[PDB]
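Take a look at the structure below.
Numbers for residues simply follow the sequence, beginning at 1. Just so you know, these numbers use all the heavy atoms, side chains as well, and skip hydrogens, waters and symmetry mates.
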Amino acid sequence: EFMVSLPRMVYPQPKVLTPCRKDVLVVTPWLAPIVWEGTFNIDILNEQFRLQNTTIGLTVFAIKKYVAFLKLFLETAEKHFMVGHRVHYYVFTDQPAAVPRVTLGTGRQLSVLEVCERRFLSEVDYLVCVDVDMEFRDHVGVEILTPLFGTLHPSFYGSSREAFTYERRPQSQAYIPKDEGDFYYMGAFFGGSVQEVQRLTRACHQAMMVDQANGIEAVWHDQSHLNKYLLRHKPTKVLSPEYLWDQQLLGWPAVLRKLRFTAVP
Ligand SMILES: [Hg+2]
Ligand SMILES: [Hg+2]
Ligand SMILES: [Hg+2]
Ligand SMILES: [Hg+2]
């Protein structure tokens, strides 16, 4: 928590009387930034995070045929994910011997765990939880780091809340009525401090057990419960769909200046 001074740095003065974006919302109503290209100066942010010796954990589950996605996923993470910072990849897999041997940059490591415990608390400062059937195509960096973040679902970012595919059955712990909801977050990319991520996954797991005891299974299971949690425990940042895109399904709209992390065709 003690933070050394930034060095002198030369960059454009912020413009108080020029909006950052005129096409999109860049702050939530609980004053959490919404991360779009143009909002952040990455040099400032990199300094702040490097001066804290920040370590980022990146977790992926790769079960059965999903092991095939690891090579592209890790290679492209090496090009685009937290470059310059300490990174610890945790690959959770039923096929440890099939994990590809990917060459890592300095300060980057990978653990294979055969299939949250406290090993994370001792090893990393932040945890980022993503799906493996994806590739990085542009910068994903410390601009996302915060106590708790969710990402806007790319199919729903323009939708009204009544059209969100939340769990709508009142018998479910994930239940959200039609007049509630900020955003529709996708399960494929969330994170935060280790403490906040473990709170979330603990809460989701308990709610999911309660539903199962009541003989009910939520519509988009993990994602429905994620959405309920983030409704009731507001994220400290929200990532734009730059951070979770499918170009084959959704193209490349003007509102996206960059496509950073995308579905594999
Ligand atoms: Hg700006
Ligand atoms: Hg995780
Ligand atoms: Hg939950
Ligand atoms: Hg969850």
Side-chain angles (χ1 to χ4, degrees), residues 2-6 32 35 45-63 66-67 70 73-132 134 136 140-151 187-209 222 225-226 229-230 233-237 239 243 261:
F2 181 70
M3 177 74 73
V4 158
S5 43
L6 292 162
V35 185
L45 296 174
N46 278 327
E47 280 283 343
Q48 291 181 305
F49 283 91
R50 265 313 290 150
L51 288 165
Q52 292 274 102
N53 294 286
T54 301
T55 303
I56 309 94
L58 182 61
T59 70
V60 279
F61 288 74
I63 299 305
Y66 282 86
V67 297
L70 282 168
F73 175 86
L74 294 168
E75 282 177 350
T76 58
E78 283 297 302
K79 297 215 171 188
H80 292 300
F81 181 77
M82 301 294 167
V83 176
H85 301 277
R86 293 179 35 69
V87 171
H88 202 145
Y89 297 102
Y90 300 88
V91 174
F92 295 101
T93 186
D94 56 358
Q95 298 158 81
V99 176
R101 193 213 69 209
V102 175
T103 304
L104 311 184
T106 189
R108 309 177 69 102
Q109 63 191 285
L110 180 134
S111 299
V112 187
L113 294 322
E114 187 171 8
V115 299
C116 277
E117 187 73 10
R118 190 217 319 287
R119 184 219 166 103
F120 289 141
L121 278 155
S122 274
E123 294 187 344
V124 305
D125 298 312
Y126 294 94
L127 273 178
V128 179
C129 317
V130 306
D131 285 358
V132 70
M134 300 287 292
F136 293 87
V140 173
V142 303
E143 73 283 358
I144 78 181
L145 300 176
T146 190
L148 180 62
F149 72 84
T151 300
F189 191 166
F190 64 94
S193 68
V194 176
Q195 177 169 228
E196 294 298 326
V197 171
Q198 295 185 158
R199 284 171 172 162
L200 178 159
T201 59
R202 179 179 312 115
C204 284
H205 189 213
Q206 288 174 183
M208 295 181 280
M209 287 171 141
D222 298 306
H225 288 92
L226 177 67
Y229 187 84
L230 295 178
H233 305 78
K234 301 299 184 208
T236 54
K237 297 180 171 170
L239 306 187
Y243 289 89
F261 187 54

To the nearest 0.5 Å, what is the distance between [atom1] ([X]) and [atom2] ([Y])?
X	Y	atom1	atom2	result
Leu58	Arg108	CG	CZ	8.5 Å
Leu239	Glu143	CG	CD	8.0 Å
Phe61	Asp94	CZ	CG	11.5 Å
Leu200	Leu127	CG	CG	11.0 Å
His225	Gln206	NE2	CD	11.5 Å
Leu148	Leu230	CG	CG	5.5 Å

[X] versus [Y]: any side-chain heavy-atom pair under 4.5 Å?
X	Y	result
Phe149	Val128	yes
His80	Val140	no
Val124	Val194	yes
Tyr126	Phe120	no
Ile144	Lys237	no
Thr54	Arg50	no

Between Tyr89 and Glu78, a side-chain donor and acceptor under 3.5 Å: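 Yes.
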Exercise: do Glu123 and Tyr90 side chains pair donor with acceptor under 3.5 Å: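 Per modelled atom types, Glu123 and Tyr90 side chains form a pair under 3.5 Å.
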side-chain contact (heavy atoms from CB on, under 4.5 Å) between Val99 and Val67, worked out: CA-CA 7 Å; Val99 176; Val67 297; 5.9 Å; no
Which pair of non-hydrogen atoms, one from [X] and one from [Y], has the smallest distance, and what is that distance?
X	Y	answer
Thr236	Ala32	O-CB, 3.2 Å
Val197	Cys129	CG1-SG, 3.9 Å
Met3	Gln48	SD-O, 4.0 Å
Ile63	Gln95	C-NE2, 4.2 Å
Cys204	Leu226	SG-N, 3.9 Å
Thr76	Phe136	OG1-N, 3.0 Å

Among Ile56, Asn53, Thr55, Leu145, side-chain contact (heavy atoms from CB on, under 4.5 Å) partner for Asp125: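 Of all the options given, the one that passes is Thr55.
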Option from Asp131, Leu74, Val130 for which side-chain contact (heavy atoms from CB on, under 4.5 Å) with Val60 holds: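 Of the listed residues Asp131, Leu74, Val130, the side-chain contact (heavy atoms from CB on, under 4.5 Å) partner of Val60 is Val130.
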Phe261-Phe81 aromatic ring centre distance below 6.0 Å: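 When the ring centroids of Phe261 and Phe81 are compared, they turn out to be at least 6.0 Å apart.
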Pairing residues for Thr93 by the side-chain hydrogen bond (donor to acceptor under 3.5 Å, both in side chains) criterion, not counting sequence neighbours: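 side-chain hydrogen bond (donor to acceptor under 3.5 Å, both in side chains) check on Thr93 returns nothing, list empty.
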Pair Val102-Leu110, side-chain contact (heavy atoms from CB on, under 4.5 Å): steps then yes or no: CA-CA 9 Å; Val102 175; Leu110 180 134; over 6 Å; no
Plane angle bin for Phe189 and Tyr243 - parallel if under 30°, tilted between 30 and 60°, otherwise perpendicular: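 Perpendicular: the ring planes of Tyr243 and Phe189 meet at over 60°.
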Just by distance, do the side chain of [X] and the backbone of [Y] share a donor-acceptor pair under 3.5 Å?
X	Y	result
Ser193	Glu196	yes
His233	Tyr229	yes
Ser122	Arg119	no

Heavy atoms of other groups near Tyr66 OH, more than 12 under 6.0 Å: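 Count not over threshold, so no.
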